[PDB]
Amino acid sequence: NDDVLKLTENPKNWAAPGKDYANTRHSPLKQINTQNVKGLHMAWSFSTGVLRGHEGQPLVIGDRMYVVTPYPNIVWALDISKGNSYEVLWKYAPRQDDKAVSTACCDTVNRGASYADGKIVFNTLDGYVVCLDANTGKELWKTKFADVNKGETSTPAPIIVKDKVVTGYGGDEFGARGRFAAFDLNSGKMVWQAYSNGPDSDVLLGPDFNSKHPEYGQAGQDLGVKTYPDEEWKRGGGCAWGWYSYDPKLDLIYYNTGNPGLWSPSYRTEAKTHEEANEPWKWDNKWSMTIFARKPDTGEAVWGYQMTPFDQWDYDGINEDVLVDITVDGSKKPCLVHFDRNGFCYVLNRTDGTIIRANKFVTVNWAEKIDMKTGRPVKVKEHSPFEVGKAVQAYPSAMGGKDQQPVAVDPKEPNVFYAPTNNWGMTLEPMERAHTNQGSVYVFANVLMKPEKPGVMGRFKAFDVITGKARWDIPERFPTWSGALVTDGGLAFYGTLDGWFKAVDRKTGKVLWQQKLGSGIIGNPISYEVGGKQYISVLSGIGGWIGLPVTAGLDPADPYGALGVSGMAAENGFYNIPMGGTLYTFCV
């Protein structure tokens, strides 16, 4: 979209969820810098009137700001032309089906909206893709996309590519079937949809899909139905509830798929042993856990790389695909950096999916490494949950080395990424499958999480995606479940789950400014400019999967609660973090 390109190119705006199509989350503004960040102070705050995890970020287009709250997903439009104050312009309150609340696995969170040609597009938890007039907030059109009865809920933030609104949804834990569709920007009608599994026609494979990497899986083999048992692909997960990227020059949309569904691996293979089930090409559970590159016009996939075939830990691969150009191995190549849940930082050639680098960015014991030739992980049997009635320990836990919280990078130094990380393990015990009803809880496994190192759960690092070494490592008592933000002022912004919003030096990582906000910070900090002055805004309010024991009011005495999070939350004082929702803005 030409308008999105113009807006995102202007450093004064935050026109895209991740600041641009490449999801760099980098701001060239330098008014706020290392020299004066000590004087950072709140300018104004805005309550959302809603309580639960406040994920995502606001959108800033010139003098206007748009905020999307969690369920019921209220859209607030604010006038910020004065910079040091705000004025509510209008409010859009969609009437939703509350069944989506109980059909949501990890919270009633929303990851933001997108803007283009005077229109605002967002996803409601009940699966509606809505387009509103940016000026008056009048509903231009809404299209029912996700079905709650099939276990699908639309948590992510869609993006706009030339004239289409592309997005997915979640629901692998409810037996849903992943889908990624495009809707006309002006009409809202569906143009095409690509399933994460099923026959080749259902996946919309390109004519030259993985032509350069036949070892990744090609068309004409119907891996979407064969790498699954009889018809488990119908409940085979693969939901795309993560972040979406776009390469204008190459005309490629990048997105990833979730887990293959239920957490009992024996039910995703006909083999009886871990060794036989992991036989290559037999039960890969494709195309779940795959990084896709599709053409926006038709949706045909140019290439696709599955990171975790035959999943056994719920290592959803949806994490954002940051696009940058890095000089590595003697030349400048168009790279795609992706911090996957499985604990591996993948560096791929965004032109054909070629594996450039794959290093562990957290403790990883389920796999030895990623085989460069076959592109498959060298799994460790004693750290792969397979049998029913046996608990197996694994690093990282189901939450992985990094969940949906996005990373940030400065393109001028594309090899150094600022990334929040999870540092806890788990013991997952598969259970017997009690039903095959789509739209109902479809996990069948008991989980227990202990933080790897007591007193240390989250870690904000300056990780070099080429050498696999971190410049600095900041350990935090609470998890680092907020997005990152890097600025040309020499600062890196992130927030902790107990409410601390911090600013650190990009070079050393020492904290230069910090303030404890109202609640846990699971939003993504943004940087924009109004009236010639720079502002930093971030959402607060505990929630998400990490905050489910609090937002859902679960019992702290049941450690298995929340898929293995209640016990860890109860042990690390999460229940003492009050709920909330509020946008904090700072200036110098």
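So that there is no doubt, residue numbering starts at 1 and follows the sequence shown.
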Stretch with the greater mean C-alpha B-factor as recorded in the entry, comparing 320-328 against 126-134: 320-328
Given the B-factors recorded for C-alpha atoms, which segment has the greater mean, 360-368 or 77-85? 360-368
Compare the CA B factors listed in the entry for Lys282, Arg179, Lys142, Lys119 and report the winner. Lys282
Listed options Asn110, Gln404, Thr167, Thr354: highest C-alpha B factor recorded at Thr354
Once the chain's modelled residues are ordered by C-alpha B factor and cut into thirds, is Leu51 in the lowest, middle or highest one? middle
Ranked against its chain, the third holding the CA B-factor of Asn23: lowest
Place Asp555 in the lowest, middle or highest third of its chain's C-alpha B-factors, as listed in the PDB entry. highest
How does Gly567 rank on Cα B-factor within its chain, lowest, middle or highest third? highest
With respect to C-alpha B-factor, does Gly299 fall in the lowest, middle or highest third of the chain as deposited? middle
